[PDB]
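Accompanying notes for the structure given below.
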Amino acid sequence: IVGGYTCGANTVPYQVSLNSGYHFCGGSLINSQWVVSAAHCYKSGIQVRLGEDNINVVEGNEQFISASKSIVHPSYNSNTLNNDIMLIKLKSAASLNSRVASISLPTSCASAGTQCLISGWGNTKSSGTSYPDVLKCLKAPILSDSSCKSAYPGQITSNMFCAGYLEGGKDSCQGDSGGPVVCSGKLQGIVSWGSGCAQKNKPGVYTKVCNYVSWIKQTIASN
Ligand SMILES: [Ca+2]
């Protein structure tokens, strides 16, 4: 997250860190045994880390649970990042409390102008690199589809939306991928891609979760 603020320990209780010996992507807890992330975060041997603030210090609220199964969306296209969404099933159910909690799926798509919360442990610089150890937060609005397509000609599908600031300075970034975009207490987006980070006229692009609620619910119900 570039230009954000320190969330505070366990103030984003649905935020997960995906770990393969190191943090490499975010994700969102959507019930006690399932996590949603980005398909471009796929790898084998994922450990899901819940209840994290400082990802380099054991602080006492963590739950570490291995993935038993990963399901990349059937139509994921790694060249265009269309359908950039993946489901991860935990080997055992998480213990839910005030600091580890699930985020609700949306019943409707959010409109442009809605304010959302984006969070992650990604890079905090637009040039160069600095990775934080504690979770960072950013409040940002959903941009109109017209602004989004004008910023990224020929690249925005109906499964993507833009959020952020056309002036630049505030954005998600590398290492935030897979993490949540929450608006009005519902999961509306997944950190997916962008050109650089926090660059003028290049806002973040996010997977549009409301298009996938049917697939998510059907998949969870039979796996
Ligand atoms: Ca920790």
Side-chain angles (χ1 to χ4, degrees), residues 1-38 41-71 85-105 115-125 129-140 170-191 197 209 216 220 223:
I1 307 282
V2 179
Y5 60 102
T6 296
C7 300
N10 312 116
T11 59
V12 190
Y14 49 83
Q15 170 86 47
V16 317
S17 166
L18 304 183
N19 184 287
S20 59
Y22 47 89
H23 168 85
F24 68 92
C25 271
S28 300
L29 194 66
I30 56 159
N31 63 37
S32 71
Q33 236 185 326
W34 288 89
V35 165
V36 188
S37 190
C41 291
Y42 163 81
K43 61 173 79 194
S44 38
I46 298 173
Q47 183 184 70
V48 174
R49 300 192 156 200
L50 316 177
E52 286 282 19
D53 191 40
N54 189 316
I55 49 166
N56 276 325
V57 178
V58 174
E59 299 180 285
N61 292 305
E62 294 96 344
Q63 296 176 47
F64 296 170
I65 308 177
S66 285
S68 59
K69 193 188 246 187
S70 292
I71 304 168
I85 184 168
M86 151 188 82
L87 289 167
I88 296 160
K89 190 189 190 177
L90 308 179
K91 271 183 188 295
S92 55
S95 187
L96 300 184
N97 54 56
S98 51
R99 299 177 178 263
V100 175
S102 61
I103 189 60
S104 300
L105 295 176
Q115 190 197 83
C116 306
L117 181 70
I118 307 168
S119 49
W121 290 276
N123 196 354
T124 62
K125 299 312 188 68
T129 61
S130 184
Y131 288 79
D133 300 321
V134 295
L135 186 67
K136 299 285 178 173
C137 273
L138 174 69
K139 294 187 181 180
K170 298 187 191 70
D171 199 3
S172 54
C173 201
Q174 284 95 30
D176 293 323
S177 286
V181 185
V182 167
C183 318
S184 309
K186 305 303 167 88
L187 181 70
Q188 294 283 352
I190 300 168
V191 182
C197 308
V209 171
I216 291 171
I220 285 174
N223 285 278

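This chain uses plain numbering: 1 for the first residue, then up along the sequence. In what follows, every heavy atom counts, from backbone to side chain, and hydrogens, waters and symmetry copies are set aside.
Residues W34 and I71 have side chains in contact (heavy-atom distance under 4.5 Å, counting atoms from C-beta outward).
Put simply, the side chain of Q63 gets close to the backbone of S95: a donor and an acceptor are under 3.5 Å apart. Put simply, the side chain of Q33 never gets that close to the backbone of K89: no donor and acceptor are under 3.5 Å apart. Distance alone, capped at 3.5 Å, places no donor-acceptor pair between the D53 side chain and the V134 backbone. Of the possible polar contacts, one joining the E59 side chain to the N54 backbone as a donor-acceptor pair under 3.5 Å is found. With hydrogens and angles ignored, the 3.5 Å screen pairs no side-chain donor or acceptor of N223 with any backbone N or O of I220. Judged by distance alone, the side chain of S37 and the main-chain N or O of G26 form a donor-acceptor pair under 3.5 Å. With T124 contributing its side chain and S130 its backbone, the two residues share a donor-acceptor pair below 3.5 Å.
Contact record, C41 with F24: O-CE1, 3.2 Å, taken as the closest heavy-atom pair.
Surrounding OH of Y42 are at most 12 heavy atoms belonging to other residues, nucleotides or ligands under 6.0 Å away. Counted within 6.0 Å of NZ on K125, heavy atoms from surrounding residues, nucleotides or ligands total 12 or fewer; the atom is thus considered open.
With respect to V100, the side-chain contact (heavy atoms from CB on, under 4.5 Å) criterion is satisfied by exactly one of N10, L50, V16: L50.
The cationic group of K136 does not satisfy the cation-pi geometry with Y5, failing either the under 6.0 Å distance to the six-membered ring centre or the 45° limit from the ring axis.
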